[PDB]
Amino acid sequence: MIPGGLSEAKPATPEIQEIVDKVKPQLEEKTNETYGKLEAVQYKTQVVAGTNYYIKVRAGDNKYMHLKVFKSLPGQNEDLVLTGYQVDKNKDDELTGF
């Protein structure tokens, strides 16, 4: 681990799934597609001025995506913001920063 580096990968927890459910409206808006249930599978975290979560999610038709979700600092009410994502990922693709 280096300062600002990503943590090791861990299986998704209910708290990570909740973060995915909370930002789904932002994902649909940016991709202009609807996703139905996005299932969190694995995740990494990264300390920034706040926290970024890199989350591998499984979508429909067995497609995967990597979501980047920024949890704001307390001063900004810990607002969750979907700040990036990578589409067409494979189940076993590594979660790397982006």
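Start at 1 and count along the sequence shown; that's the residue number. Take the two forms, superpose them, and find the largest set of C-alpha atoms that agree within 1.5 Å; that set is the rigid core.
Q: Superpose on the core, then say which of 73-81 and 21-29 ends up with the larger RMS Cα offset from this form in 4 other deposited structures of this protein.
A: Most displaced of the pair in 4 other deposited structures of this protein: 73-81.
Q: Between 58-66 and 35-43, which has the larger RMS C-alpha deviation from this form in 4 other deposited structures of this protein after core superposition?
A: Stretch with the higher C-alpha RMS distance in 4 other deposited structures of this protein: 58-66.
Q: Regarding 53-61 and 27-35, which shows the higher C-alpha temperature factor on average in the entry?
A: Averaging CA B-factors over each stretch, the winner is 27-35.
Q: What stretch has the higher average Cα B-factor here, 9-17 or 85-93?
A: Comparing averages over the C-alpha atoms only gives 85-93.
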